[PDB]
Amino acid sequence: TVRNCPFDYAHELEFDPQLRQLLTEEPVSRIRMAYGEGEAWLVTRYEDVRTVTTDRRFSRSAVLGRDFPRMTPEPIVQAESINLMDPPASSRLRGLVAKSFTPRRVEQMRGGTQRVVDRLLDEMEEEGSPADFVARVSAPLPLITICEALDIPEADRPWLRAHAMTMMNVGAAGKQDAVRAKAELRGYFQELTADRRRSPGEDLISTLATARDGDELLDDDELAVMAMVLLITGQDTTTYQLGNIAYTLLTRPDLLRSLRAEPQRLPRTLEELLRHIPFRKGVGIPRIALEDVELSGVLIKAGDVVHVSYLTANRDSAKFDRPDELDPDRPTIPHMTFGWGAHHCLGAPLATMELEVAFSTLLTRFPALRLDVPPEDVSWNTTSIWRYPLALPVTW
Ligand code: HEM
């Protein structure tokens, strides 16, 4: 009755078979995952999952305090984080960083992102073919950008990601690691944010720390946590989707030619890769059903833990015809790669912009770009809630 879900599948970017089976055959299923007390529902259908993310009957505020079935021994979340608030209390702090990424603002920052990318490739060319696209592009760019954004000193950055990542370990014994790593992170911002509030720079932490509706909207905890949360998120998913997309383009010659034939297809192609590419293992933060809510003919009692799978949502044949096929031409329908509902991804805008400025430069600069080894020789991360390539040797 209750499925085992270690969610350990890692083979290339192949869609987790357990997930494909639960989509087609038990689109609402009882499950139990690596760590946490109790069990939880798993909703896998587009429309059903859309329901769960938006319908005020399901709270993420209600998760505060539960040993919720999750994939990391220590939960990645914190108390005062945007992740454990719903609208309305979310909408005020979301509201504030959302100013920072209006298309005017993000289509300004482009300028600098173009100069970062250019320099990163002006360096990879200098060290000469072959090279690691992960080391020389996919890893640095997202980290530079979010640090530039937050005015993070150059010396702290390699440190800060090697803590960000440590919190994303699914490893039983890397839990003390995680709780210390997390608290050291909290602390560093606790201070460096209280150092902006104090002598506001003209960066983004300053934008958060200085905004005042009469009396500063953000409390110090509320801020330090928001500056800490913006750093973590600004440098995992994006670094990974830069490797994932690269791999996919260098292993689907038809796709990669089509783009080289008509580069204008790129913003449409990226959406379709985004949809497809299963850019994580398992399921992230759940929600609690606040009241009984039947959902695909299955009552969910009040106080039950609900997970949604964004990855099965994207591959729902009810929404996308030939869903497993990767058609950048297909009738555009909103993907759920960037989340949905209240907690939809806050940095969608900026990762959009990084992915556009990256692959559009790559494509022109290195038309000849090819994977330098066979695809099955590429090693895929196993230790993370995310899926990404460890290295991506390329020629040009
Ligand atoms: C390809 C790039 C990215 C992907 C695929 C991605 C994906 C996601 C996803 C799937 C969620 C799901 C939250 C949920 O539904 O429960 C999320 C939340 C979030 N992402 Fe991202 N993200 C990306 C880039 C970024 C960037 C650059 C930032 C930069 C600040 C960012 C900040 C956030 C934040 C703050 C949340 C939490 C919002 C909330 O729960 O209220 N993301 N992201």
# chains A, B, ... in the order shown; residues from 1 in each chain; ligands from 1
call {"tool": "residues_around", "arguments": {"residues": "residue 205 (chain A)", "least_positions_apart": "5", "cutoff": "9 Å", "atoms": "only C-alpha atoms", "output": "JSON list (two decimals) with N, CA, C and O atoms, in the first residue's frame"}}
result
[["chain", "number", "residue", "atom", "x", "y", "z"],
["A", 149, "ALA", "N", 25.57, 40.08, -7.35],
["A", 149, "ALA", "CA", 24.22, 40.58, -7.01],
["A", 149, "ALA", "C", 24.19, 41.01, -5.54],
["A", 149, "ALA", "O", 23.67, 42.12, -5.25],
["A", 150, "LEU", "N", 24.74, 40.17, -4.65],
["A", 150, "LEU", "CA", 24.61, 40.33, -3.18],
["A", 150, "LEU", "C", 25.81, 41.08, -2.61],
["A", 150, "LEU", "O", 25.75, 41.36, -1.41],
["A", 151, "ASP", "N", 26.82, 41.40, -3.44],
["A", 151, "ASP", "CA", 28.13, 42.02, -3.06],
["A", 151, "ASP", "C", 28.82, 41.13, -2.01],
["A", 151, "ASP", "O", 29.11, 41.60, -0.88],
["A", 193, "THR", "N", 24.75, 41.13, 6.71],
["A", 193, "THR", "CA", 23.46, 41.83, 6.44],
["A", 193, "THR", "C", 23.31, 42.99, 7.44],
["A", 193, "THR", "O", 23.03, 44.12, 7.01],
["A", 196, "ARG", "N", 25.15, 45.82, 6.31],
["A", 196, "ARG", "CA", 24.50, 46.66, 5.27],
["A", 196, "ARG", "C", 23.50, 47.57, 5.98],
["A", 196, "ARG", "O", 23.81, 48.74, 6.13],
["A", 197, "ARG", "N", 22.39, 47.03, 6.49],
["A", 197, "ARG", "CA", 21.46, 47.79, 7.38],
["A", 197, "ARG", "C", 22.26, 48.96, 7.95],
["A", 197, "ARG", "O", 21.77, 50.10, 7.80],
["A", 200, "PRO", "N", 24.52, 50.94, 4.57],
["A", 200, "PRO", "CA", 23.95, 50.41, 3.34],
["A", 200, "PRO", "C", 24.89, 50.70, 2.18],
["A", 200, "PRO", "O", 25.16, 51.83, 1.96],
["A", 210, "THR", "N", 17.49, 48.13, 3.51],
["A", 210, "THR", "CA", 17.18, 49.58, 3.57],
["A", 210, "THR", "C", 15.70, 49.86, 3.31],
["A", 210, "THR", "O", 15.24, 50.85, 3.83],
["A", 223, "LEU", "N", 15.75, 39.19, 7.35],
["A", 223, "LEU", "CA", 16.71, 39.72, 6.34],
["A", 223, "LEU", "C", 17.89, 38.74, 6.16],
["A", 223, "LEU", "O", 18.03, 38.21, 5.04],
["A", 224, "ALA", "N", 18.70, 38.55, 7.20],
["A", 224, "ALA", "CA", 19.82, 37.59, 7.21],
["A", 224, "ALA", "C", 19.41, 36.27, 6.55],
["A", 224, "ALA", "O", 20.22, 35.75, 5.78],
["A", 226, "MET", "N", 16.86, 35.81, 4.44],
["A", 226, "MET", "CA", 16.51, 36.12, 3.03],
["A", 226, "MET", "C", 17.79, 36.32, 2.21],
["A", 226, "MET", "O", 17.80, 35.92, 1.05],
["A", 227, "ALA", "N", 18.82, 36.93, 2.79],
["A", 227, "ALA", "CA", 20.14, 37.10, 2.14],
["A", 227, "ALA", "C", 20.86, 35.75, 2.07],
["A", 227, "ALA", "O", 21.64, 35.54, 1.12]]
call {"tool": "closest_atom_pairs", "arguments": {"of": "chain A", "to": "ligand 1", "cutoff": "7 Å", "atoms": "only C-alpha atoms and all ligand atoms", "output": "JSON lines"}}
result
{"residue": "A:82", "atom": "CA", "partner": "ligand 1", "partner_atom_place_in_ligand_line": "41 (O)", "distance": 5.0}
{"residue": "A:83", "atom": "CA", "partner": "ligand 1", "partner_atom_place_in_ligand_line": "40 (O)", "distance": 4.0}
{"residue": "A:90", "atom": "CA", "partner": "ligand 1", "partner_atom_place_in_ligand_line": "41 (O)", "distance": 6.7}
{"residue": "A:94", "atom": "CA", "partner": "ligand 1", "partner_atom_place_in_ligand_line": "41 (O)", "distance": 6.9}
{"residue": "A:229", "atom": "CA", "partner": "ligand 1", "partner_atom_place_in_ligand_line": "35 (C)", "distance": 6.4}
{"residue": "A:230", "atom": "CA", "partner": "ligand 1", "partner_atom_place_in_ligand_line": "30 (C)", "distance": 4.5}
{"residue": "A:231", "atom": "CA", "partner": "ligand 1", "partner_atom_place_in_ligand_line": "30 (C)", "distance": 6.8}
{"residue": "A:233", "atom": "CA", "partner": "ligand 1", "partner_atom_place_in_ligand_line": "31 (C)", "distance": 4.6}
{"residue": "A:234", "atom": "CA", "partner": "ligand 1", "partner_atom_place_in_ligand_line": "29 (C)", "distance": 3.9}
{"residue": "A:235", "atom": "CA", "partner": "ligand 1", "partner_atom_place_in_ligand_line": "27 (C)", "distance": 6.7}
{"residue": "A:237", "atom": "CA", "partner": "ligand 1", "partner_atom_place_in_ligand_line": "3 (C)", "distance": 4.7}
{"residue": "A:238", "atom": "CA", "partner": "ligand 1", "partner_atom_place_in_ligand_line": "2 (C)", "distance": 4.1}
{"residue": "A:241", "atom": "CA", "partner": "ligand 1", "partner_atom_place_in_ligand_line": "1 (C)", "distance": 5.3}
{"residue": "A:279", "atom": "CA", "partner": "ligand 1", "partner_atom_place_in_ligand_line": "5 (C)", "distance": 6.9}
{"residue": "A:284", "atom": "CA", "partner": "ligand 1", "partner_atom_place_in_ligand_line": "16 (O)", "distance": 6.9}
{"residue": "A:285", "atom": "CA", "partner": "ligand 1", "partner_atom_place_in_ligand_line": "16 (O)", "distance": 6.0}
{"residue": "A:337", "atom": "CA", "partner": "ligand 1", "partner_atom_place_in_ligand_line": "10 (C)", "distance": 5.2}
{"residue": "A:338", "atom": "CA", "partner": "ligand 1", "partner_atom_place_in_ligand_line": "7 (C)", "distance": 4.3}
{"residue": "A:339", "atom": "CA", "partner": "ligand 1", "partner_atom_place_in_ligand_line": "15 (O)", "distance": 3.8}
{"residue": "A:340", "atom": "CA", "partner": "ligand 1", "partner_atom_place_in_ligand_line": "15 (O)", "distance": 5.4}
{"residue": "A:342", "atom": "CA", "partner": "ligand 1", "partner_atom_place_in_ligand_line": "41 (O)", "distance": 6.3}
{"residue": "A:343", "atom": "CA", "partner": "ligand 1", "partner_atom_place_in_ligand_line": "41 (O)", "distance": 3.6}
{"residue": "A:344", "atom": "CA", "partner": "ligand 1", "partner_atom_place_in_ligand_line": "15 (O)", "distance": 5.0}
{"residue": "A:345", "atom": "CA", "partner": "ligand 1", "partner_atom_place_in_ligand_line": "18 (C)", "distance": 3.8}
{"residue": "A:346", "atom": "CA", "partner": "ligand 1", "partner_atom_place_in_ligand_line": "33 (C)", "distance": 4.6}
{"residue": "A:347", "atom": "CA", "partner": "ligand 1", "partner_atom_place_in_ligand_line": "28 (C)", "distance": 3.6}
{"residue": "A:348", "atom": "CA", "partner": "ligand 1", "partner_atom_place_in_ligand_line": "24 (C)", "distance": 5.4}
{"residue": "A:350", "atom": "CA", "partner": "ligand 1", "partner_atom_place_in_ligand_line": "27 (C)", "distance": 5.5}
{"residue": "A:351", "atom": "CA", "partner": "ligand 1", "partner_atom_place_in_ligand_line": "27 (C)", "distance": 4.7}
call {"tool": "select_by_dssp", "arguments": {"residues": "region 28-208 of chain A", "states": "strand (DSSP E or B)", "output": "list in words"}}
result
residues 28, 29, 30, 31, 32, 33, 35, 40, 41, 42, 43, 58, 59, 70, 131, 132 and 169 of chain A
call {"tool": "atom_distance", "arguments": {"atom1": "CA of residue 169 (chain A)", "atom2": "CA of residue 76 (chain A)"}}
result
9.5 Å
call {"tool": "residues_around", "arguments": {"residues": "residue 394 (chain A)", "least_positions_apart": "2", "cutoff": "8 Å", "atoms": "only C-alpha atoms", "output": "VMD selection string"}}
result
chain A and resid 129 to 133 369 to 373 392 396
call {"tool": "select_by_dssp", "arguments": {"residues": "region 104-301 of chain A", "states": "alpha helix (DSSP H)", "output": "CSV table (one decimal) with C-alpha atoms, in the first residue's frame"}}
result
chain,number,residue,atom,x,y,z
A,104,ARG,CA,13.6,46.5,-16.7
A,105,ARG,CA,16.0,45.6,-13.8
A,106,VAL,CA,17.0,42.0,-15.1
A,107,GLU,CA,17.3,43.4,-18.8
A,108,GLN,CA,19.7,46.0,-17.2
A,109,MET,CA,21.9,43.4,-15.3
A,110,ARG,CA,22.2,41.6,-18.8
A,111,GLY,CA,25.0,44.1,-19.5
A,112,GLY,CA,27.2,42.6,-16.7
A,113,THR,CA,26.2,38.9,-17.2
A,114,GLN,CA,27.2,39.3,-20.9
A,115,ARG,CA,30.7,40.6,-19.7
A,116,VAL,CA,31.1,37.8,-17.1
A,117,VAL,CA,30.1,35.1,-19.7
A,118,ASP,CA,32.5,36.6,-22.3
A,119,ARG,CA,35.4,36.7,-19.8
A,120,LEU,CA,34.7,33.1,-18.6
A,121,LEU,CA,34.9,31.9,-22.3
A,122,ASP,CA,37.8,34.4,-23.0
A,123,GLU,CA,39.5,32.3,-20.2
A,124,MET,CA,38.4,28.8,-21.3
A,125,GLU,CA,39.7,29.5,-24.9
A,126,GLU,CA,43.0,30.8,-23.4
A,127,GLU,CA,43.7,27.5,-21.4
A,133,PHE,CA,32.5,23.1,-19.3
A,140,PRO,CA,31.3,29.7,-11.9
A,141,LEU,CA,28.8,31.8,-13.8
A,142,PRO,CA,25.7,31.3,-11.5
A,143,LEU,CA,28.0,31.8,-8.3
A,144,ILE,CA,29.7,35.0,-9.7
A,145,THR,CA,26.2,36.4,-10.7
A,146,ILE,CA,24.5,35.8,-7.3
A,147,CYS,CA,27.6,37.1,-5.4
A,148,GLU,CA,28.0,40.2,-7.7
A,149,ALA,CA,24.2,40.6,-7.0
A,150,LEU,CA,24.6,40.3,-3.2
A,157,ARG,CA,32.4,32.7,-2.1
A,158,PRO,CA,34.1,29.2,-2.6
A,159,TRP,CA,33.5,28.7,1.2
A,160,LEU,CA,29.8,29.7,0.9
A,161,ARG,CA,28.9,27.2,-1.9
A,162,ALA,CA,30.8,24.3,-0.2
A,163,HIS,CA,28.3,24.9,2.7
A,164,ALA,CA,25.3,25.5,0.4
A,176,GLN,CA,26.1,17.0,11.8
A,177,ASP,CA,28.0,18.4,8.8
A,178,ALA,CA,24.7,19.9,7.5
A,179,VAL,CA,23.4,21.4,10.9
A,180,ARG,CA,26.8,23.0,11.6
A,181,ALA,CA,27.3,24.1,7.9
A,182,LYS,CA,23.8,25.6,8.0
A,183,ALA,CA,24.3,27.5,11.3
A,184,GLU,CA,27.7,28.9,10.2
A,185,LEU,CA,25.9,30.1,7.0
A,186,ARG,CA,23.1,31.7,9.0
A,187,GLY,CA,25.7,33.4,11.2
A,188,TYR,CA,27.8,34.8,8.3
A,189,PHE,CA,24.8,36.7,6.9
A,190,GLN,CA,23.4,37.4,10.4
A,191,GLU,CA,26.5,39.8,10.5
A,192,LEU,CA,27.2,40.8,6.8
A,193,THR,CA,23.5,41.8,6.4
A,194,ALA,CA,23.6,43.7,9.8
A,204,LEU,CA,20.8,43.9,-3.4
A,205,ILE,CA,21.2,42.9,0.4
A,206,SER,CA,21.2,46.8,0.8
A,207,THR,CA,18.0,47.0,-1.3
A,208,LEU,CA,16.4,44.5,1.2
A,209,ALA,CA,18.0,45.9,4.4
A,210,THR,CA,17.2,49.6,3.6
A,220,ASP,CA,17.1,41.3,11.2
A,221,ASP,CA,16.4,37.5,11.3
A,222,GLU,CA,13.9,38.0,8.4
A,223,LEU,CA,16.7,39.7,6.3
A,224,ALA,CA,19.8,37.6,7.2
A,225,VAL,CA,17.7,34.5,6.3
A,226,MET,CA,16.5,36.1,3.0
A,227,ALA,CA,20.1,37.1,2.1
A,228,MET,CA,21.2,33.5,3.1
A,229,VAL,CA,18.3,31.9,1.1
A,230,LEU,CA,19.0,34.1,-2.0
A,231,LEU,CA,22.7,32.9,-2.0
A,232,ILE,CA,22.0,29.2,-1.7
A,233,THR,CA,19.3,29.2,-4.5
A,237,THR,CA,19.8,24.8,-9.7
A,238,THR,CA,21.3,27.3,-12.2
A,239,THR,CA,24.9,25.8,-12.2
A,240,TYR,CA,23.2,22.3,-12.7
A,241,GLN,CA,20.7,23.4,-15.5
A,242,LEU,CA,23.8,24.9,-17.3
A,243,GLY,CA,25.5,21.5,-17.3
A,244,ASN,CA,22.2,19.5,-17.9
A,245,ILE,CA,21.3,21.7,-21.0
A,246,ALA,CA,24.9,21.6,-22.4
A,247,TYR,CA,25.0,17.8,-22.1
A,248,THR,CA,21.5,17.5,-23.8
A,249,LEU,CA,22.6,19.8,-26.7
A,250,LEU,CA,26.0,18.0,-27.2
A,253,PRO,CA,22.8,16.4,-32.7
A,254,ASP,CA,19.4,17.1,-34.5
A,255,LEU,CA,18.4,19.6,-31.7
A,256,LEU,CA,21.8,21.2,-31.7
A,257,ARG,CA,21.9,21.6,-35.5
A,258,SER,CA,18.3,23.1,-35.6
A,259,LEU,CA,19.6,25.8,-33.2
A,260,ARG,CA,22.8,26.4,-35.3
A,261,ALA,CA,20.4,26.6,-38.4
A,266,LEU,CA,16.8,29.5,-28.5
A,267,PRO,CA,14.3,31.1,-26.0
A,268,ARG,CA,11.7,28.6,-27.2
A,269,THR,CA,14.2,25.7,-27.2
A,270,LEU,CA,15.3,26.5,-23.6
A,271,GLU,CA,11.7,26.4,-22.3
A,272,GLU,CA,11.3,22.9,-23.8
A,273,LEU,CA,14.6,21.6,-22.3
A,274,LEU,CA,13.6,23.2,-19.0
A,275,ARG,CA,10.3,21.3,-19.1
A,276,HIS,CA,12.0,18.0,-20.1
call {"tool": "closest_residue", "arguments": {"among": "A:7, A:41, A:320, A:46", "to": "residue 71 (chain A)", "atoms": "only C-alpha atoms"}}
result
A:7
call {"tool": "residues_around", "arguments": {"residues": "residue 72 (chain A)", "least_positions_apart": "3", "cutoff": "9 Å", "atoms": "only C-alpha atoms", "output": "ChimeraX atom specification"}}
result
/A:34-36,75-76,167-172,175,384-385
call {"tool": "atom_distance", "arguments": {"atom1": "CA of residue 100 (chain A)", "atom2": "CA of residue 353 (chain A)"}}
result
13.6 Å
call {"tool": "residues_around", "arguments": {"residues": "region 290-306 of chain A", "least_positions_apart": "2", "cutoff": "7 Å", "atoms": "only C-alpha atoms", "output": "PyMOL selection string"}}
result
chain A and resi 40-42+48+57-59+286-288+308
call {"tool": "write_last_selection", "arguments": {"atoms": "C-alpha atoms", "output": "compact mmCIF listing (two decimals), in the first residue's frame"}}
result
# COMPACT_ATOMS: atom_id res chain seq x y z
CA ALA A 40 3.04 11.27 2.98
CA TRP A 41 0.92 11.50 -0.21
CA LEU A 42 2.59 12.00 -3.64
CA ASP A 48 -3.78 17.69 -9.58
CA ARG A 57 -6.41 24.24 1.65
CA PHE A 58 -2.73 23.05 1.41
CA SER A 59 -0.34 25.09 3.71
CA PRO A 286 5.98 19.25 1.07
CA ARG A 287 2.73 20.93 2.22
CA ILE A 288 0.12 19.94 4.87
CA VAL A 308 3.96 17.13 -5.46
